[PDB]
Each structure stands twice: as C-alpha cells, then as structure tokens.
Amino acid sequence: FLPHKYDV
Amino acid sequence: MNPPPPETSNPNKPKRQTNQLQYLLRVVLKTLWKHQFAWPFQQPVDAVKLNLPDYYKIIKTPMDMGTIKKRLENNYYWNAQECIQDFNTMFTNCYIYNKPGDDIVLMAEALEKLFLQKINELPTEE
C-alpha cells in the first residue's frame, strides 16, 4: 500500500 | 541533510577477492539489482529529496545496494559474511523505517526472498 516514505 | 555515504574505498583496509565474494557479485547482487523492485535500494536514501528528516536519526547504519555493488567491484570486503551483513542491514533498515505491508516493505520482502534463495548456493570457500 501507498508508503509514507514517498509522501514528500 | 544527508550524511556521507558508507565507505567504499580505504587503501589500508585488509580486503580479498574470494570465490564466495565473486558469487555474491555475479549471482546475488546481479539478481537483485535487475529486479523490478530494486530501484528504492540502488542508492543511499536521499532524505533531503524525500523530505525525511527523521531517516538518518532512526537509521544509524545505512546500507544500500549501490554501496554493496561498489564494495564488491572494488573487492573492499574481507569475507562473504561482511557482505551478507550489508544485505541484511539494508533489509532490516527498511523494515525498521517503513510500515509493515507498505509498498517499500513489499519490495524489500521480494528482494530478500531472492537473496535467501541465492545465498543457499554460496560455494564453499576455495
């Protein structure tokens, strides 16, 4: 699922 | 800011080319590097570009396949265990920082499965 790491 | 990357050159460090280390480059790293899920792991995490000011506060032994690749190409390691430790550090960092089941973790899990399958045939040291 959509990862926080790339939620810039 | 980003820290300096892990060391890949050190003239005075004891180092070897062994058949096991050759296998780690030719089979293990090559297999993971070409995978569709390699890309997050092919270079140090850029905490500046990704706006992750906590990454290098949490992760104090960063590791990535770009670093591993350079170390193997330079014959920087002393032994296979040191290189295997770098792979395991890379995976563990991912699982520490990212959320279980998130896309980055899923990617690491796929690479780690392949890692484990390839290191099964690590040759006896010659």
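This entry, as listed in the PDB, derives from X-ray crystallography and reports a resolution of 1.15 Å.

Would you mind showing me how to read the overall build of chain B here?
Regarding its fold elements, chain B presents five helices and zero strands. In chain B, the succession of helices and strands from N to C terminus is α-α-α-α-α. On C-alpha atoms alone, chain B measures out to a radius of gyration of 15 Å, which is about the 14 Å that the 2.2 N^0.38 rule sets for 126 residues. Along the first, second and third principal axes, the C-alpha set of chain B runs to 45 × 35 × 20 Å. The long-range share in chain B, meaning contacts at least 24 apart out of those at least 6 apart in sequence, stands at 76%.

What is the right way to look at unusual backbone geometry in this model?
For residues other than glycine, phi is negative in most cases, and the peptide bonds are mostly trans. Residues and elements named next belong to chain B. One non-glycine residue, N51, adopts positive backbone phi at about 50°. Mapped onto the secondary structure, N51 falls in the loop between α1 (19–33) and α2 (55–58). Here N51 falls in the exposed class, since its relative accessible area comes to 53%. If you check the backbone angles, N75 has positive phi at about 50° while not being a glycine. Classification of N75 by relative accessible area gives partly exposed; the value is 27%.

Can you help me understand the interface of chain B and chain A in this one?
On the chain A side, the residues contacting the 16 residues of chain B number seven residues. Broken down by element, the side of chain B that touches chain A gets its largest block of residues, three residues, from helix α5 (residues 103–119) of chain B. Of the residues in the side of chain B that touches chain A, the class split is nine nonpolar, three polar and four charged.

Help me understand the pattern of salt bridges, please; the structure alone is not making it clear to me.
In a structure, side chains of opposite charge can pair up when their charged atoms sit close to one another. Residues and elements named next belong to chain B. With the rule as written, the count across this model stands at four salt bridges over all chains. Taking the shortest distance from any N to any O, the salt bridge between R16 and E125 comes out at 3.5 Å. Of the two residues, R16 sits in the segment before α1 while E125 sits in the segment after α5, which places them 109 residues apart along the sequence. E125 gets classed as partly exposed once you look at its relative accessible area, which sits at 45%. In this structure, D86 and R71 form a salt bridge, with 2.8 Å as the shortest nitrogen-oxygen distance. In this pair, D86 is assigned in helix α4 (residues 80–97) and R71 in helix α3 (residues 65–73), connecting sequence segments 15 residues apart. For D86, a relative accessible area of 9% translates into the label buried. Look at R71 and you get buried, because its relative accessible area is 9%.

Any chance you could explain α3 of chain B here in plain terms?
Quick reminder: α-helices carry 3.6 residues per turn. Residues three or four places apart thus point the same way. All names here are of chain B. Inspection of α3 places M65, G66, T67, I68, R71 and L72 among the buried residues, and these make up the whole buried set. Of the surrounding secondary structure, the elements contacted by the buried residues of α3 are α1 and α4. The distance from a side-chain oxygen at the start of α3 to the backbone nitrogen of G66 is 2.8 Å, and the residue carrying that oxygen is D64.

Rules behind the numbers
Residues numbered from 1 in each chain as written, not as in the entry; some residues may be left out. Chains lettered and ligands numbered in written order. Heavy atoms only, no water. Residues with missing side-chain atoms left out of burial classes, pairs and counts. Helix = DSSP H or I, 4+ residues; strand = E, 2+ residues; numbered from the N terminus. Rg over C-alpha atoms; globule rule 2.2 N^0.38 Å. Contact = heavy atoms within 4.5 Å. Buried < 20%, exposed > 50% of the residue type's maximum accessible area, 1.4 Å probe, protein only. Nonpolar A, V, L, I, M, F, W, Y, C, P; charged D, E, K, R; others polar. Salt bridge = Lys/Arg side-chain N within 4 Å of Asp/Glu carboxyl O. Polar contact = N/O pair within 3.5 Å; in protein donor to acceptor, adjacent residues only side chain to side chain.

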